[PDB]
Undergrad: 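Shown below is the structure under consideration.
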Amino acid sequence: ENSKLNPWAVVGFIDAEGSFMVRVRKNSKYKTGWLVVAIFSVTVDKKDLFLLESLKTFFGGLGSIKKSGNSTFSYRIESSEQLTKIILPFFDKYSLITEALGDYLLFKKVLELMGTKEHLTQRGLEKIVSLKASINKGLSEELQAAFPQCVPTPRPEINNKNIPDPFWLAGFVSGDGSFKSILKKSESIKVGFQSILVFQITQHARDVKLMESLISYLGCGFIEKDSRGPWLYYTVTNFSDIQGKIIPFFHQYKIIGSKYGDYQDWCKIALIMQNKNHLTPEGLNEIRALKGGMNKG
DNA sequence: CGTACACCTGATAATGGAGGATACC
DNA sequence: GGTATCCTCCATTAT
DNA sequence: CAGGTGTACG
Ligand SMILES: [Mg+2]
Ligand SMILES: [Mg+2]
Ligand SMILES: [Mg+2]
């Protein structure tokens with residue numbers, strides 16, 4: 001387990017796992033008829049709770065860490081004042097690079113409006129609803145019916161987004177990457193199974209450009225599409241690239257969260273493979289046991 | 001024998017919401 | 001009253 | 001996120 005936090009790592013992690021949300025709830029007690037709330041949220045498996053704790057401390061002890069689902073916890077900041085004072089200045093200096101950036105810049109604009117209390121104003125609210133419409137899944141049915149006049153504000157959409165620091169990658173992969181160990185059944189290998197190591201990152205196709213630039217950035221790998229939908233894998237299967245490129249990279253720029261343990265086990269598997277012990281029965285069982293302990297606690 | 005890119009599919013916690021209660025001015 | 005935050009729970013799909 | 005397979009190639 002690893003919870004040392006660096007700004008760029010946090011940004012990578014938030015690009016992987018965070019959400020910038022705007023809620024506009026109907027409620028007769030508010031003059032406009034609507035309550036406007038802005039929320040910054042990161043949800044993880046409960047095995048990474050310690051990571052949410054380091055994140056809270058990273059952001060000045062602000063926010064709340066709460067049970068989200070069956071085996072997950074949420075870290076959330078929902079105080080307008082608090083979002084403006086620390087969250088915005090952080091992400092203005094250390095900018096997101098995925099499509100999450102677009103949600104961020106919209107979310108930032110609603111906060112600018114909330115800062116001058118324009119959300120408590122009919123025209124202010126309409127402008128916020130226009131913003132909400134281009135954030136995440138956009139307008140609810142109830143909001144669309146309540147403001148059927150409103151033109152979504154254009155989704156900003158950046159240009160060549162280029163990996164800003166090695167720690168960014170560290171954080172990003174700590175969220176949406178994986179270090180895979182496979183045992184493939186083989187008829188040519190004496191021992192009956194091929195030990196294969198795979199480094200992989202998964203992301204929605206809308207971030208194809210970023211995904212493609214990982215091939216230059218790391219000097220290896222390739223992209224594939226999931227035939228079942230819009231979802232891309234950056235993948236390294238070449239064991240020379242794993243040892244010469246990926247393993248050294250994440251030895252310097254460290255995985256955060258419980259996935260650090262997994263990278264460490266994956267490395268041990270790579271050592272057994274380096275020494276060629278994976279083609280003996282004992283080395284194969286060593287990998288099976290390292291393989292089964294992985295992603296646990 | 002052994003490896004590696006192209007292709008395949010399962011699991012489930014995230015992704016991104018929601019509703020009700022209460023604090024605060 | 002008006003407004004701002006806390007607290008608990010969830011269905012579909014990006015991991 | 002994660003576990004596999006088919007098969008060309010040295
Ligand atoms: Mg993600
Ligand atoms: Mg994750
Ligand atoms: Mg998951």
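We name chains A, B, ... by the order of the sequence lines, and we start the count at 1 in each one. Values reported hereafter were calculated over all heavy atoms of this structure, with side chains retained and with hydrogens, waters and symmetry mates removed.
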Undergrad: Atom OH of A/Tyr75 to atom P of C/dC7: distance rounded to whole Å?
TA: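 Checked: the OH to P distance equals 14 Å.
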Undergrad: Check every atom of C/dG2, C/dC7, C/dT15 against the side chain of A/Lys31 and return the nucleotide holding the closest atom.
TA: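 From the listed options, C/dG2 comes nearest.
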Undergrad: A/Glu118 CD to C/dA4 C1': how many Å, rounded?
TA: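 The answer, rounded to whole Å, is 18 Å.
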Undergrad: Whole Å only: how far is the CG atom of A/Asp45 from the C1' atom of C/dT15?
TA: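 To the nearest whole Å, that distance equals 13 Å.
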Undergrad: Test A/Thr43 against A/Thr72 for side chain to side chain donor-acceptor pair (under 3.5 Å), laying out the working first.
TA: CA-CA 7 Å; A/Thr43 307; A/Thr72 54; over 6 Å; no
Undergrad: When you match A/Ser188 and A/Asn238 each to their closest nucleotide on DNA chain B, which lands nearer the 5' end?
TA: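 Mapping each residue to its closest nucleotide by heavy atoms, the 5'-most match is A/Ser188.
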Undergrad: On DNA chain C, compare the nucleotides closest to A/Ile77 and A/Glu17; which residue's is nearer the 5' end?
TA: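 First, find each residue's nearest nucleotide; the 5'-ward one identifies A/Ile77.
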Undergrad: Sticking with atom P, work out how far C/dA11 lies from D/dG4, rounded to a whole angstrom.
TA: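 Comparing P positions in C/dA11 and D/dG4 gives a spacing of 32 Å.
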Undergrad: Sugar of B/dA13: specify north or south by the sign of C1'-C2'-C3'-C4'.
TA: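 With a negative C1'-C2'-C3'-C4' torsion, B/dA13 is south.
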Undergrad: Could you go through residues 188-203 of chain A and list every donor-acceptor pair under 3.5 Å that involves a side-chain atom there, pairing it with any protein atom two or more places apart or in another chain?
TA:
from	atom 1	to	atom 2	distance (Å)
A/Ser188	OG	A/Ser186	OG	3.3
A/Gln200	OE1	A/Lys180	NZ	3.3
A/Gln203	NE2	A/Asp176	OD2	2.9

Undergrad: How long is the line joining CG of A/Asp48 and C1' of C/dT15, in whole Å?
TA: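 About 14 Å, once rounded to whole Å.
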Undergrad: Under 4.0 angstrom, heavy atoms only, what part of the nucleic acid is A/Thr235 near: base, sugar-phosphate, or nothing?
TA: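 A/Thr235: no heavy atom of the nucleic acid under 4.0 Å.
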Undergrad: Considering only heavy atoms of chain A and a distance under 4.0 Å, specify the first and last nucleotide of DNA chain B in 5' to 3' order that meet this criterion.
TA: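 Span of nucleotides near chain A: B/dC1 to B/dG20.
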Undergrad: If I take atom CG in residue A/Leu62 and atom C1' in nucleotide C/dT5, what distance separates them, rounded to the nearest angstrom?
TA: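 Distance check: A/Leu62 CG to C/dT5 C1' gives 13 Å.
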Undergrad: Can you name the nearest heavy-atom pair linking A/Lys259 to A/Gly175, along with the distance?
TA: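 Taking A/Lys259 first and A/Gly175 second, the nearest heavy atoms are NZ-O, 3.8 Å.
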Undergrad: Roughly how far apart, to the nearest Å, are D/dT5 and B/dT12 at atom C1'?
TA: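 Result for the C1' pair: 23 Å, nearest Å.
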Undergrad: Would you kindly give the CG-to-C1' distance between A/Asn27 and C/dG2, to the nearest whole Å?
TA: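 Taking CG of A/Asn27 and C1' of C/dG2, I get 10 Å after rounding.
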Undergrad: Remember a base hit wins even if backbone is also touched, and classify A/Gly175 as base, sugar-phosphate or nothing at under 4.0 Å, heavy atoms.
TA: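 The answer is sugar-phosphate, as A/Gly175 gets under 4.0 Å only of primed atoms, P, OP1 or OP2.
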Undergrad: Can you tell me the distance, in whole Å, between the CG atom of A/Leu120 and the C1' atom of C/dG1?
TA: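 Atom CG in A/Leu120 sits about 14 Å away from atom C1' in C/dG1.
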Undergrad: Counting any heavy atom closer than 4.0 Å, what does A/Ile39 reach on the DNA or RNA strands: base, sugar-phosphate only, or nothing?
TA: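 Nothing: the residue A/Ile39, judged by heavy atoms under 4.0 Å, touches no strand.
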Undergrad: Can you tell me how the ring of A/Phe91 sits relative to the ring of A/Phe59, calling it parallel under 30°, perpendicular over 60° and tilted otherwise?
TA: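 The rings of A/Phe91 and A/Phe59 sit tilted, inter-plane angle from 30° to 60°.
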Undergrad: Please classify the nucleic acid contact of A/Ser41 as base, sugar-phosphate, or nothing, using heavy-atom distances under 4.0 Å.
TA: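 Here A/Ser41 touches no strand at all.
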Undergrad: Less than 3.5 Å between a donor and an acceptor, one on the side chain of A/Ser64 and one on the base of C/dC7, is that the case here?
TA: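 Answer is no: no donor-acceptor pair is held.
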Undergrad: Are the side chain of A/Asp241 and the backbone N or O of A/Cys220 linked by a donor-acceptor pair below 3.5 Å?
TA: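 No; zero donor-acceptor contacts below 3.5 Å.
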Undergrad: Determine, stepwise, if the pair A/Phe20 / A/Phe40 fulfils ring pair (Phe, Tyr, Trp, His ring centres under 6.0 Å).
TA: CA-CA 5 Å; A/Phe20 301 89; A/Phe40 173 69; 5.1 Å; yes
Undergrad: A/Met21 versus A/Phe107: any side-chain heavy-atom pair under 4.5 Å?
TA: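 A/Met21 does not reach A/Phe107 side chain to side chain.
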Undergrad: Can A/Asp103 and A/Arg155 be counted as an ion pair, charged N to O under 4.0 angstrom?
TA: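 The answer is yes: the pair qualifies as a salt bridge.
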Undergrad: Could you check A/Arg76 against A/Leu35 and say which one's nearest nucleotide on DNA chain C is further toward the 5' end?
TA: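 Nearer the 5' end of the strand: A/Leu35.
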Undergrad: Any salt bridge linking A/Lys108 with A/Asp92? Criterion: basic side-chain nitrogen under 4.0 Å from a carboxylate oxygen.
TA: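 Yes, this pair counts.
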Undergrad: What string of B, S and - do you get for nucleotides 2-10 of chain D 5' to 3' if you count protein non-hydrogen atoms under 4.0 Å?
TA: BBBBBB---
Undergrad: For C/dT15 and A/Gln203 - does any side-chain N or O of the residue sit under 4.0 Å from the phosphate oxygens OP1/OP2?
TA: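 Yes, A/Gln203 has a side-chain N/O under 4.0 Å of OP1/OP2 on C/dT15.
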Undergrad: Under 4.0 Å between any heavy atoms, over every strand shown, what does A/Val198 touch: base, sugar-phosphate, or nothing? Just pick one.
TA: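 Since no nucleic acid heavy atom lies under 4.0 Å of A/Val198, the category is nothing.
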Undergrad: Reading the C1'-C2'-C3'-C4' torsion of D/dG6, is its sugar north or south?
TA: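 A south sugar, the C1'-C2'-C3'-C4' torsion of D/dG6 being less than zero.
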Undergrad: Just how far, in rounded Å, is P of C/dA14 from CH2 of A/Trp231?
TA: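 One finds 6 Å between P of C/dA14 and CH2 of A/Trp231, rounded.
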Undergrad: Does A/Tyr30 or A/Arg23 map to a spot on DNA chain B nearer the 5' end, using the closest nucleotide for each?
TA: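 Looking at the nearest nucleotide for each, A/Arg23 comes out on the 5' side.
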Undergrad: Give the ring-plane orientation class for A/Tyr94 versus A/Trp8, where under 30° counts as parallel, over 60° as perpendicular and anything between as tilted.
TA: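 Plane angle over 60°, so perpendicular.
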Undergrad: Would you call the sugar of B/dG20 north or south from its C1'-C2'-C3'-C4' torsion?
TA: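 Pucker of B/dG20: south.
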Undergrad: Would the A/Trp266 and A/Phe179 ring centres measure less than 6.0 Å apart?
TA: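 Centroid distance A/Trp266-A/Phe179: below 6.0 Å, so yes.
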